[PDB]
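Report on the following structure.
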Amino acid sequence: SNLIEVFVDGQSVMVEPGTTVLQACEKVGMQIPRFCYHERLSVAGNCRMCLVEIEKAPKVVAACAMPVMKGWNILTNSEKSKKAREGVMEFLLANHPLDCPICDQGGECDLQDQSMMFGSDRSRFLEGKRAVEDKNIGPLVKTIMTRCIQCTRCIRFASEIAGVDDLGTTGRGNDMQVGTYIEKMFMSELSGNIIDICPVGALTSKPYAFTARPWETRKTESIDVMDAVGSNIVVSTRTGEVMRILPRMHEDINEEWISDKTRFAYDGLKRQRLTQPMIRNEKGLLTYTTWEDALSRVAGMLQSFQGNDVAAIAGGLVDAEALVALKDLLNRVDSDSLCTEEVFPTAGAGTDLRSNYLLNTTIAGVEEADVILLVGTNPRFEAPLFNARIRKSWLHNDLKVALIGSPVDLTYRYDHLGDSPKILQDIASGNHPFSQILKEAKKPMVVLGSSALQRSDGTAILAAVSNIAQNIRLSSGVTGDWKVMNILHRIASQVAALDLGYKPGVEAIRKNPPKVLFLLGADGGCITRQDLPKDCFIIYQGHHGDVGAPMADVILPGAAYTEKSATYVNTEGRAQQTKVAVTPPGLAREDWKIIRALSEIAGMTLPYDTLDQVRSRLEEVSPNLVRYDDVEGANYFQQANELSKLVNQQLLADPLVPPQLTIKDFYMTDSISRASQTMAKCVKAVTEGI
Amino acid sequence: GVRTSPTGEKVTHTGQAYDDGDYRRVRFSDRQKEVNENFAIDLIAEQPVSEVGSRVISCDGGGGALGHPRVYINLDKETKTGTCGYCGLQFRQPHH
Amino acid sequence: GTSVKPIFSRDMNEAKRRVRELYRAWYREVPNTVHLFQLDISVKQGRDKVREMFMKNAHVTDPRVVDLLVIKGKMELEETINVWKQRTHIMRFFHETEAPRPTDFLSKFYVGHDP
Amino acid sequence: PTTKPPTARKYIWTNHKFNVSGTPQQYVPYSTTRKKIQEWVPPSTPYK
Amino acid sequence: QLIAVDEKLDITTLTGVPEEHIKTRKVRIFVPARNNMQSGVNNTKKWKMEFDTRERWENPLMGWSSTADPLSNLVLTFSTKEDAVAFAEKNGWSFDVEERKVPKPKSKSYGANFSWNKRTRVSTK
Amino acid sequence: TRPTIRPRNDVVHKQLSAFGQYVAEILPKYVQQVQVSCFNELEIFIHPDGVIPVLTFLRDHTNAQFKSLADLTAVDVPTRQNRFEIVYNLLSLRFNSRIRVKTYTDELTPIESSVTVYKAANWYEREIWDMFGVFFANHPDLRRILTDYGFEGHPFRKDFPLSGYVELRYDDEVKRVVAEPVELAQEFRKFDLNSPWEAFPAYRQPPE
Amino acid sequence: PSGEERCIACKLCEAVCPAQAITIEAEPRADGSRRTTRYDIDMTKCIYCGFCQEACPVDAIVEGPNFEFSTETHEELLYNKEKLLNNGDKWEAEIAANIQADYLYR
Amino acid sequence: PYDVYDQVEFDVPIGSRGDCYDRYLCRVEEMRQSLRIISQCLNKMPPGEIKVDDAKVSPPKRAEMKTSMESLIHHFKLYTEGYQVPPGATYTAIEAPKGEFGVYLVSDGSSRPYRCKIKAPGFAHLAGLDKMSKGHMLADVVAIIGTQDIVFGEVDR
Amino acid sequence: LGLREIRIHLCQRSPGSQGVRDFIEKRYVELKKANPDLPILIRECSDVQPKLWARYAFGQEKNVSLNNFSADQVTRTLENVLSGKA
Ligand code: SF4
Ligand code: SF4
Ligand code: SF4
Ligand code: SF4
Ligand code: FES
Ligand SMILES: [Mg+2]
Ligand SMILES: [Zn+2]
């Protein structure tokens, strides 16, 4: 091929042209020291720590920024490279403050470890150091700029990954500072990530400040559930208590970053917690009882009624195990009124065809598209990692973006087609020029959010989008297995519920008011006691005291997503399982365990006893759930599209306004976020700045 | 500044005090609860703010090698006073 | 292939024979141990416990594992002969002081998070 | 200390205490941190 | 001299592990993820086998953390996935194995920052 | 090489290399490898079936005569198919030298006991059986030497928990010392002290 | 000397303790200072090796010169932050004298 | 010799019968030779530092730690993580007062030893006690145990 | 006795599911025309026998294999399942 031969310490290796010296060294198996180089960020060349010697070359080159050519022999462990590294570390540590005992990055500092391995062991700096005043960029990132090494990594991240140009370098020479030059809060859905990239303790986590040390903590690899992206996380705990949340690398979902809500809303896991079962007393107030009493009352009420009189509503943070257990329990009493808070149009294919409600192109496959159409969606606050992927493809692949909806700020330039849903029909009709501009697109892509489906036009909007996709496929031809049509979800439990046969939306409850209602973590406020019959029985089974708790008759304390090994399906249809980091507080138990115990008390004993048996039941109900990294699936666009042409509901003259209009609406979305002091601080800071 | 709990115990400088319903209080009957009377926050809040005429000031806690590691504090911000990270002493430029 | 070096038995018959000899020795020794250590149990209880401990390893189908278990049992019997143990070591086989852990789902659900 | 007294500080005890084991003044250990998890407080108003 | 027996290896009955710590535990075989606070990759070379987390409670006296299970602090290191799987099968532990994740090759060019027409132009450096 | 670096001796290195080649030439049936460390320590890796012959040679040959058995121990490496590694350390007083012989075994494969060669090995062998579970054939009496009577499991294996499985206390209802499942008031804090940024490039491994 | 405790919750003494006898929990104080909320030393686990007092970068934890502190019960040998601060306030005179006498050898 | 022993002169007592009396006389003469070596060490004390001037292995001085950045970093890393030992296995033996005391140390390259086997002479001596107490009175066993110089801390480990 | 839902598990790349796939790609939409309220879930297996699951009232479920079934065979057993005859 076009691969060229380069030598590292006399060992030959093939590298594609354009590969830097650092990448060749990684290919051989060695890691060049670095401070400013980040693979996901543009090359800077500031820190000069990656200086390496090329054989028969009198000058030391920067391995991060120097493309390699045929014949070079990279002498990484040569005397010249070692001396260069020692000099660079000496210059870096000349003005660094002696803050290691009080620094929040004590045992996880790149400066410390690289000084230990590649630097010297003493100082000949006999002068006084410098000191710069601290900056204030909000209540999330604690800023101590005396420790800054001026690697300009946060600046590059903000400019490219986050699309926010707030950060910059002011001044010249030794006293050049990194900051905003004004009293401004660096606010974005990806603001916290600058803590991770910053190699030193200049930028640290404010809520996590002075709490723990890295060697103390235990790392548990789990899945984030605050959004439908399903970004992988590492829960860092210490003596049975969650200390912090860190991003985990996955090149196909979240790369290496996580959203602010994912990162800083773990605090809500320590407030408003449901710890014991509660029942209504003679006076009508909630009082603590034992598991036996509450289970007996619920089982008696479940035995007394039967059929459509019983019902269940699934929340936005429920796992597949609990969903299938509750489905089995309500099937043993001959019921099918199983509903979720988010609605999905059931006209036509509905939920029978899996490809009808998924992000078929996938987050990884976003990078291959050339045009994209967003319909009634605000991906910045509904799926921040999806928006980050779109921004990365826009910056690198020159992708073209168009949005139909309110002119929200997406951190990149797009084409505002309009507001009214009628434009969709226009795009289907062919009068709009955007139909033409997307006709030539080799890999077009259409994304429709669940926010546009929550309104009464869900069926008609979905039909119009499917018609647009059909026009794309028929006119431009079948490019391959491209899977133009996409749908982006907002809650983590929606896809898993839909795969299990849950009926989307709460319309069934309204049509047939039940006598006993199961609230499996339903805190959306969709169903109140006004639209239910009198003396109705409400069972709430969750982990937080929220809008759904005070209206209940029996409260069963469940477990949070960090307290159970549970399966969640993200918006691409990929199923991932979390791991137990801590145990549920007080008398709270696992959700599926609660359902099984209630079933056995009521006499309708469920077949499964352990987690493996519940997952076997999940495999029986759905084959896809057991696979834990598979995302591929069959393309059944034709069948769903043909079934969607029967009903002809019309669009109303209401503009597509997403709920997430402004950053102030992004912080508090679910029960965990509403119970977090950090999220309240963020909302207060965004509303009024100092 | 040692306060008293509503039950009657003394509150530690960390704010710890068993509430009315806690059974662990029984460990103190016929005995005493060990509490340090001198609170570090109150003792350091009454220290005078040092007035120096330099932009950057060095602090080692007093005593040289018997103090804390030497650090440098910047006093450009005239709104507040620079505070030592270890010792907690305050420094300020001569305004007006 | 899967050729391995033997310990004492070439096949399962010899291992079964050694198990039988070890059982004979333990059965013969139980009453002497009960009398000598001044146990509160009867000879019937001791023989039942020996039978239970032998049947605990009834699913082993590897002659090497079987005769290694036989070696361990012979070592323990020799330990019991020479009064190298005491009453506590002998009585640790009965767990008279440990609470009985439940088995059904509901009890384990009530006590704690243990599956 | 008569020849050269120790340095005087405001936090140094002015009254030395001997060993107080087996005495109503003995030291009783206890946890110093606050509560970790806060439980939900049910409302005092009936739902109906 | 050689038995030449054909059966899977099983040393469950010789390790002395209690029965409740054999058929109830669920081990995990994985390559530990890189700590996002650091750019070093030297801790993601070997495979790790670790047991599932169990209950920890606060000590009634002195507030310490107490654990009732012995295997909580145990962690084992294996050169390859096959060796760890073989160990787990030999000791009779049910295991969950996750494929190693390696960052994909990325093409980085210094020239892109000063682009004439493409959007990769940097606003500042 | 300034006074902070340990001085290197080359004559001893050459002598040990020559003797390793000599030994490997004499016993090509059993020796699988010979190594000399940077600090002048010679080690010989042999087949398990050659424990009795090779040792005997090193004890009786006019040129070796390694009379004393300094130490005998085992090393557990769970990532290997042959789990346990047996190490013999021999001291020759006539030539003022030391040698090491290394052998491999697993849980079920026995190793021939070297009590006939060195009497000192006797207790050492028992210790191995007490700590790792390696069975030694033709031993005068093989039994536990260090653990409590009736102790279940071999503590020195890498998969054995640090605190064990049972703990002892005194019960007044039965008026005796009883064993219970272990429960710690404070759990042993595990520290992740190992760090990225490898320190020794000379030991770097191929990226397979 | 101003009266503020020297400890800054760097957790070096906890990490260096061979017997794991030190337990530390910390959080920002009311004025934002880095201070401990819990500092426990188990005197029945401590081996009196002195690693804690030599790993401390601010001379916060010291191993005093008192040795007559026997106890009639096990519980009173589990020191918390209040007891250690009381010990410091009680022995500061001769502790500081010994530190002054010996700090040139360290 | 390991440290400065090849630089001190002393005599090595040797028995002639192998009984308890000869070993007692040998121990007394070893005490006298220890006094000789102590005198030589007192007379020939050199000046200089007391630990290797390698801050990546030995912690720096307190003043250097509190004034220098590299010293503070190295103190932090040495007292939190420790120093990494290159991979390898060694057997180091010295002439402890009870005989040859040895340690077989195996390091995998980290800051924690992979294996540390301890060879104590008491183990072998107590193993040979059975041979050495053949055809002797009951009261002779106590004398033989005493002359073996048995401390069970090293025997049991 | 009342059917509540049906599920069809088919393997995307296996040849044993081949004919079953054709079934959908030819007539599933028509089937959905005849049953506008019956839920017919469709899921993908992996190296597993193609199967059809039928759920009746009160949680009773019965499964039938679909290996190497032609389109006619699978549609025939489907009409047998919905028609109630056995
Ligand atoms: S940034 Fe690193 S080197 Fe600087 S004080 Fe913090 S831990 Fe120490
Ligand atoms: S704050 Fe951190 S990331 Fe930003 S320039 Fe300074 S060291 Fe680099
Ligand atoms: S002296 Fe005690 S508390 Fe200090 S490090 Fe040693 S064992 Fe730990
Ligand atoms: S006592 Fe010293 S070493 Fe321990 S945490 Fe406090 S400052 Fe750090
Ligand atoms: S890593 Fe290349 S110059 Fe900084
Ligand atoms: Mg940082
Ligand atoms: Zn200070």
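So that the names make sense, note that chain A is the first sequence line, chain B the second, and so on, each numbered from 1.
- The existence of a salt bridge linking B/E46 and D/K10 is confirmed by a sub-4.0 Å separation between a basic side-chain nitrogen and an acidic carboxylate oxygen.
- Only the side chain of B/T12 comes within less than 4.5 Å of a heavy atom in chain D; its backbone stays farther off.
- B/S54 contributes a side-chain N or O that, together with a main-chain N or O of B/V56, makes up a donor-acceptor pair within less than 3.5 Å.
- One N or O on the side chain of B/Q32 and one on the backbone of D/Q26 form a donor-acceptor pair closer than 3.5 Å.
- Residue contact with chain B, scored on non-hydrogen atoms closer than 4.5 Å, is absent for D/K35.
- Using a 4.5 Å cut-off between heavy atoms, B/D30 touches chain D through its backbone atoms (N, CA, C, O) alone.
- Ion pairing of B/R25 with B/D20 is present here, as a side-chain N (NZ or NE/NH1/NH2) and a carboxylate O approach within less than 4.0 Å.
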